[PDB]
Protein chains: 2
Amino acid sequence: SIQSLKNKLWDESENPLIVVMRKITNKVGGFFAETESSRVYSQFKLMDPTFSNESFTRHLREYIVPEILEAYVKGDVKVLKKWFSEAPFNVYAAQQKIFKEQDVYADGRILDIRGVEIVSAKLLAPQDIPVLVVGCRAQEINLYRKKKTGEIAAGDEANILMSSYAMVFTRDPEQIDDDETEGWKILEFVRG
Amino acid sequence: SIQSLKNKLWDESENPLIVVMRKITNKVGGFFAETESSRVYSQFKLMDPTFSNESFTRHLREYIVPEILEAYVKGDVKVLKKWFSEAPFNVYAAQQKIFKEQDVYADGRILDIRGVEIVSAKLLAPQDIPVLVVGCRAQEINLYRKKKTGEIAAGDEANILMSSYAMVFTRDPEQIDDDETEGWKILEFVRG
């Protein structure tokens with residue numbers, strides 16, 4: 001039985017939530033300490049008193065989430081570069097330089113982006129790095145345009161998808177008065 | 001012959017350019033003085049030395065045009081309210097309060113917006129108000145959503161139009177250090 005529970009978790013992928021959940025906990029050195037949340041929250045608290053679930057979740061849905069996703073759906077390297085860890089960004093820039101080879105660039109535009117709720121507050125084993133995992137759905141229309149002022153690149157019929165994102169947040173007590181991002185960063189971001 | 005040239009000008013509408021051209025010159029008190037451009041430019045010049053066709057046209061395509069159109073394609077009253085004269089805005093807010101009655105609001109998103117070129121620099125008769133008429137095409141996808149977190153309102157199939165805009169600009173030497181808009185305003189804006 002729990003022999004198949006493992007099957008699914010390994011056979012998930014579809015649910016970006018559980019995909020990140022994995023991506024950190026399995027890829028290199030992932031282990032969760034069963035903090036019980038409170039240690040993860042009180043930890044952010046120490047980092048910055050003004051912190052509260054409310055406080056952050058709004059910042060999430062009101063400015064961060066909507067800000068990075070738009071940055072995603074288009075070739076907005078400069079935006080992601082301010083929120084992405086060396087890990088998740090570089091993997092991005094990986095498909096960017098490959099999408100470039102095809103003389104195509106990505107414009108898309110997102111609409112609605114509902115969801116955005118923090119559902120998990122656990123810390124990674126390697127260094128007890130307090131992490132927050134947020135998930136949201138975003139009705140966006142994805143498109144791609146070509147090299148020389150070229151129409152809408154490959155296909156005219158770009159369906160308006162309704163994707164599900166899952167991302168892992170973390171803050172740094174060091175460099176909090178950065179203003180743009182101010183501590184927050186993104187450890188491997190995953191689209192649905 | 002020129003009996004039909006009048007027919008077309010009156011029978012235009014399609015070409016927003018010539019529609020504004022009319023909208024000002026005919027609706028209430030419209031007459032152009034054949035300034036010969038230079039008087040209109042030197043006039044802006046006086047208003048603000050830093051002024052140059054180059055200078056402005058960029059500001060047009062780089063920040064103003066793209067900024068007001070996005071404000072258009074969605075219910076972004078606060079944006080238009082900073083650029084629209086009492087005339088063009090109020091007419092907007094006219095269809096806004098009517099679109100509201102139908103429990104629908106407008107979200108759309110614009111893409112590419114090419115064109116943006118100043119093709120005419122003439123001044124209105126009533127007060128020799130120096131006006132600039134800009135025109136641009138904008139591949140946008142128009143949509144509308146409903147009253148209660150309701151899908152995509154009326155129709156699922158929202159075609160991605162490619163409209164043509166024509167607008168009439170004017171500046172005020174008084175209130176130039178406004179920063180947001182800084183002098184520039186919009187006299188009756190017209191969509192294609």
# chains A, B, ... in the order shown; residues from 1 in each chain; ligands from 1
call {"tool": "residues_around", "arguments": {"residues": "range 161-177 of chain B", "least_positions_apart": "4", "cutoff": "9 Å", "atoms": "only C-alpha atoms", "output": "CSV table (one decimal) with C-alpha atoms, in the first residue's frame"}}
result
chain,number,residue,atom,x,y,z
B,15,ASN,CA,-9.4,55.5,-39.9
B,16,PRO,CA,-9.4,56.8,-36.3
B,17,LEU,CA,-6.7,59.3,-37.5
B,18,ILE,CA,-9.1,61.2,-39.7
B,19,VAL,CA,-11.9,60.6,-37.1
B,20,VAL,CA,-10.1,62.7,-34.4
B,21,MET,CA,-9.0,65.1,-37.2
B,24,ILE,CA,-11.9,68.3,-32.9
B,44,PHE,CA,6.2,73.5,-27.3
B,46,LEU,CA,9.0,77.7,-25.4
B,47,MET,CA,6.9,75.7,-23.0
B,48,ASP,CA,9.9,73.4,-22.4
B,113,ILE,CA,1.7,48.3,-30.0
B,129,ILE,CA,-4.1,75.5,-28.4
B,130,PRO,CA,-1.0,73.6,-29.8
B,131,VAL,CA,-2.1,70.0,-30.5
B,132,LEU,CA,-0.1,66.9,-31.5
B,133,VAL,CA,-1.9,63.9,-33.2
B,134,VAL,CA,-0.3,60.5,-32.6
B,135,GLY,CA,-1.3,57.2,-34.1
B,136,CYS,CA,-0.4,53.6,-33.4
B,137,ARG,CA,-1.6,50.0,-34.0
B,138,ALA,CA,-1.8,47.6,-31.0
B,139,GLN,CA,-2.2,43.9,-31.2
B,140,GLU,CA,-4.3,43.3,-28.1
B,141,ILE,CA,-6.6,40.6,-27.0
B,142,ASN,CA,-9.8,42.0,-25.7
B,181,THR,CA,2.0,63.2,-16.6
B,182,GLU,CA,3.9,66.5,-16.6
B,183,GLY,CA,1.9,68.8,-18.8
B,184,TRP,CA,0.7,66.3,-21.4
B,185,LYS,CA,-3.0,65.6,-21.7
B,186,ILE,CA,-5.4,63.8,-24.1
B,187,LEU,CA,-8.2,65.5,-26.0
B,188,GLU,CA,-10.7,63.0,-27.1
B,189,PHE,CA,-9.0,59.6,-27.7
B,190,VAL,CA,-10.3,57.4,-30.5
B,191,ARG,CA,-10.0,53.6,-30.9
B,192,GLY,CA,-10.1,51.7,-34.2
call {"tool": "interface_residues", "arguments": {"of": "chain A", "to": "chain B", "cutoff": "9 Å", "atoms": "only C-alpha atoms", "output": "ChimeraX atom specification"}}
result
/A:107-111
call {"tool": "write_last_selection", "arguments": {"atoms": "N, CA, C and O atoms", "output": "PDB file, in the first residue's frame"}}
result
ATOM      1  N   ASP A 107       6.515  36.166 -25.457  1.00  0.00           N
ATOM      2  CA  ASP A 107       5.631  37.191 -24.945  1.00  0.00           C
ATOM      3  C   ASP A 107       4.422  36.366 -24.606  1.00  0.00           C
ATOM      4  O   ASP A 107       4.116  35.392 -25.279  1.00  0.00           O
ATOM      5  N   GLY A 108       3.756  36.730 -23.536  1.00  0.00           N
ATOM      6  CA  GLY A 108       2.569  36.021 -23.140  1.00  0.00           C
ATOM      7  C   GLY A 108       2.063  37.120 -22.280  1.00  0.00           C
ATOM      8  O   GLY A 108       2.668  38.186 -22.273  1.00  0.00           O
ATOM      9  N   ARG A 109       0.977  36.899 -21.575  1.00  0.00           N
ATOM     10  CA  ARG A 109       0.459  37.929 -20.701  1.00  0.00           C
ATOM     11  C   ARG A 109      -0.401  37.149 -19.761  1.00  0.00           C
ATOM     12  O   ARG A 109      -1.192  36.316 -20.195  1.00  0.00           O
ATOM     13  N   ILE A 110      -0.266  37.397 -18.471  1.00  0.00           N
ATOM     14  CA  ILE A 110      -1.078  36.635 -17.561  1.00  0.00           C
ATOM     15  C   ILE A 110      -2.330  37.404 -17.108  1.00  0.00           C
ATOM     16  O   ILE A 110      -2.351  38.638 -17.128  1.00  0.00           O
ATOM     17  N   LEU A 111      -3.389  36.662 -16.766  1.00  0.00           N
ATOM     18  CA  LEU A 111      -4.657  37.244 -16.314  1.00  0.00           C
ATOM     19  C   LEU A 111      -5.270  36.503 -15.095  1.00  0.00           C
ATOM     20  O   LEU A 111      -5.269  35.269 -15.016  1.00  0.00           O
TER      21      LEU A 111
END
call {"tool": "closest_residue", "arguments": {"among": "B:97, B:39, B:81, B:6", "to": "residue 22 in chain B", "atoms": "only C-alpha atoms"}}
result
B:6
call {"tool": "select_by_dssp", "arguments": {"residues": "range 24-71 of chain B", "states": "alpha helix (DSSP H)", "output": "MDAnalysis selection string"}}
result
chainID B and resid 24:25 38:47 53:58 65:71
call {"tool": "decode", "arguments": {"residues": "range 140-161 of chain A", "atoms": "N, CA, C and O atoms", "output": "compact mmCIF listing (two decimals), in the first residue's frame"}}
result
# COMPACT_ATOMS: atom_id res chain seq x y z
N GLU A 140 -3.39 32.49 -17.93
CA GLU A 140 -2.55 33.28 -18.82
C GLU A 140 -2.70 32.81 -20.24
O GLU A 140 -3.17 31.72 -20.47
N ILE A 141 -2.32 33.64 -21.20
CA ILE A 141 -2.38 33.23 -22.60
C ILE A 141 -0.93 33.18 -23.05
O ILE A 141 -0.26 34.21 -23.14
N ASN A 142 -0.40 32.00 -23.31
CA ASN A 142 0.99 31.97 -23.72
C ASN A 142 1.19 32.13 -25.21
O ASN A 142 0.46 31.56 -26.02
N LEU A 143 2.19 32.93 -25.57
CA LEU A 143 2.52 33.19 -26.96
C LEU A 143 4.02 33.28 -27.12
O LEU A 143 4.74 33.37 -26.13
N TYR A 144 4.48 33.29 -28.37
CA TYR A 144 5.90 33.41 -28.68
C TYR A 144 5.98 34.17 -30.01
O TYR A 144 5.18 33.93 -30.90
N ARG A 145 6.92 35.11 -30.14
CA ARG A 145 7.06 35.88 -31.38
C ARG A 145 8.41 35.62 -32.00
O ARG A 145 9.31 35.17 -31.32
N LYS A 146 8.57 35.90 -33.29
CA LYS A 146 9.85 35.63 -33.92
C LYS A 146 10.91 36.73 -33.95
O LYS A 146 10.66 37.88 -33.57
N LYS A 147 12.09 36.34 -34.42
CA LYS A 147 13.30 37.16 -34.55
C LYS A 147 13.22 38.57 -35.14
O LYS A 147 13.76 39.51 -34.56
N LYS A 148 12.59 38.73 -36.30
CA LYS A 148 12.49 40.05 -36.90
C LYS A 148 11.04 40.50 -36.98
O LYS A 148 10.31 40.07 -37.88
N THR A 149 10.65 41.36 -36.04
CA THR A 149 9.29 41.91 -35.96
C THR A 149 8.31 40.91 -36.59
O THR A 149 7.37 41.29 -37.29
N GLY A 150 8.54 39.63 -36.32
CA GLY A 150 7.73 38.59 -36.91
C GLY A 150 6.49 38.12 -36.19
O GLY A 150 6.57 37.44 -35.17
N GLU A 151 5.34 38.47 -36.76
CA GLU A 151 4.03 38.09 -36.25
C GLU A 151 4.02 37.47 -34.86
O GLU A 151 4.55 38.04 -33.91
N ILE A 152 3.39 36.30 -34.76
CA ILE A 152 3.29 35.55 -33.52
C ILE A 152 4.00 34.21 -33.66
O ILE A 152 3.43 33.15 -33.38
N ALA A 153 5.24 34.28 -34.12
CA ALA A 153 6.14 33.14 -34.32
C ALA A 153 5.60 31.84 -34.93
O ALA A 153 5.10 31.82 -36.06
N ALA A 154 5.72 30.75 -34.17
CA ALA A 154 5.31 29.42 -34.60
C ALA A 154 3.82 29.20 -34.89
O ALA A 154 3.45 28.84 -36.01
N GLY A 155 2.98 29.41 -33.88
CA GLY A 155 1.56 29.19 -34.08
C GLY A 155 0.66 30.37 -33.79
O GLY A 155 0.86 31.11 -32.83
N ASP A 156 -0.34 30.54 -34.65
CA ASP A 156 -1.31 31.62 -34.51
C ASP A 156 -2.26 31.26 -33.37
O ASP A 156 -2.61 32.12 -32.57
N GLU A 157 -2.68 30.00 -33.31
CA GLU A 157 -3.61 29.57 -32.27
C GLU A 157 -2.96 29.25 -30.93
O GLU A 157 -2.63 28.10 -30.65
N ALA A 158 -2.80 30.28 -30.10
CA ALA A 158 -2.24 30.11 -28.77
C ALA A 158 -3.43 30.06 -27.82
O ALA A 158 -4.13 31.05 -27.62
N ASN A 159 -3.69 28.88 -27.27
CA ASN A 159 -4.82 28.70 -26.36
C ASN A 159 -4.53 29.46 -25.08
O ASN A 159 -3.36 29.65 -24.72
N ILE A 160 -5.58 29.90 -24.39
CA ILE A 160 -5.37 30.61 -23.13
C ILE A 160 -5.43 29.60 -21.98
O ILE A 160 -6.49 29.28 -21.43
N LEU A 161 -4.25 29.08 -21.64
CA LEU A 161 -4.07 28.10 -20.58
C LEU A 161 -4.53 28.65 -19.24
O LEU A 161 -4.87 29.81 -19.13
